Amino acid sequence: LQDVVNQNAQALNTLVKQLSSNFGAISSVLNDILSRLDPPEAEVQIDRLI
Amino acid sequence: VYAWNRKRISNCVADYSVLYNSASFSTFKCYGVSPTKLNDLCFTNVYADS
Amino acid sequence: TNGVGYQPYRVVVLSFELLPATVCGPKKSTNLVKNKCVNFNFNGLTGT
């Protein structure tokens, strides 16, 4: 039971940490890219992030 | 050009819309930011090379 | 007499970096509000 609980927690933590990856983009946070870039470049960055 | 003038820019309320709307500049090319939506964006310091 | 391809051009390059904000543009400040879901712009950091 401890092993399965730890596996689930590790998967959730890995997803949370992976949420903060650039994925080849300038920034790992969407708000900064939206507030900094014009619609075309921001669209490309959002494409990469998604 | 090999001894370009270097200037430090900080501690201002700087309006960049007047520069964009001046229309006296042949080329206005911006990377990492947009020509619009830049008035509300700011950084720690600015470097100017002339 | 030189054409557009050889005429002089004055160039200014502005560079920034993100590593507290000291120089910010002409955005009017707003009174601070608490305990409600609002949009905030703290030194260029935009969030909700």
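Residues numbered from 1 in each chain as written, not as in the entry; some residues may be left out. Chains lettered and ligands numbered in written order. Part of a larger assembly, values for the part shown. Heavy atoms only, no water.

Structure determination for this entry is recorded as cryo-EM, at 3.06 Å resolution.

Asks: When you look at the overall build of chain B in this model, what are you seeing that I'm missing?
Replies: Helix and strand counts for chain B come out as one helix and two strands. Reading chain B from its N end, one meets helices and strands in the order β-α-β. A globule of 50 residues ought to have a C-alpha radius of gyration of about 10 Å, yet chain B, at 12 Å, is considerably larger. For the C-alpha atoms alone, the extent of chain B along its principal axes is close to 30 × 30 × 20 Å. Residue burial in chain B is summarised as follows: out of 50 residues, 28% are buried. (Helix = DSSP H or I, 4+ residues; strand = E, 2+ residues; numbered from the N terminus. Rg over C-alpha atoms; globule rule 2.2 N^0.38 Å. Buried < 20%, exposed > 50% of the residue type's maximum accessible area, 1.4 Å probe, protein only.)

Asks: What's the story with empty space enclosed by the protein in this structure? I'm lost.
Replies: Think of a ball as big as a water molecule: rolled over the atoms, this probe shows where empty space is left. There is about 70 Å³ of room inside the largest cavity. Forming the walls of the largest cavity are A14(B), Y16(B), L38(B), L41(B), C42(B), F43(B), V46(B), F16(C), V23(C), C24(C) and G25(C). Considered class by class, the residues forming the lining of the largest cavity number 10 nonpolar, one polar and no charged. (1 Å grid on protein atoms, 1.4 Å probe; cavity = no way out; pocket = protein on both sides within 12 Å on 5 of 7 lines; lining within 4 Å. Points joined across faces, edges and corners; volume = space filled by probe spheres on them. Nonpolar A, V, L, I, M, F, W, Y, C, P; charged D, E, K, R; others polar.)

Asks: Would you take a moment to explain helix α1 (residues 2-18) of chain A for this structure?
Replies: Helical geometry: 3.6 residues make up each α-helical turn, so side chains three or four residues apart lie on a common side. For α1(A), which comprises 17 residues, the first-to-last C-alpha distance of 24 Å matches the rise-based estimate of 24 Å (1.5 Å per residue) to within 8%. In terms of burial, α1(A) is a largely surface element, zero of the 17 residues being buried. (Expected span 1.5 Å × (residues − 1).)

Asks: What is the right way to look at the interface of chain C and chain B in this model?
Replies: Where interface size is quoted, it is often the accessible area lost as the parts come together. Between chain C and chain B, the residue contacts involve 20 residues of the former and 19 residues of the latter. Note on chain C versus chain B: buried area summed over both sides is about 1900 Å², and carbon and sulfur give 60% of it. Ranking the residues of chain C by area buried against chain B places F16(C), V23(C) and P26(C) at the top, with a combined share of 33%. Taken together, the connections running from chain C to chain B amount to zero salt bridges. Inspection of the chain C/chain B interface yields five residue pairs in polar contact. Per-element tally for the side of chain C that touches chain B: the top contributor is strand β1 (residues 13-16) of chain C, with four residues. When the residues that make up the side of chain C that touches chain B are grouped by side-chain class, the tally is 12 nonpolar, six polar and two charged. Bridge count between strand β2 (residues 46-49) of chain B and β1(C): four bridges; the pairing is antiparallel. Looking across to β1(C), one finds that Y47(B) is bridged to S15(C). (Contact = heavy atoms within 4.5 Å. Buried area = accessible area lost by both parts, 1.4 Å probe. Salt bridge = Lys/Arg side-chain N within 4 Å of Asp/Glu carboxyl O. Polar contact = N/O pair within 3.5 Å; in protein donor to acceptor, adjacent residues only side chain to side chain. Pairing = 2+ DSSP bridges.)

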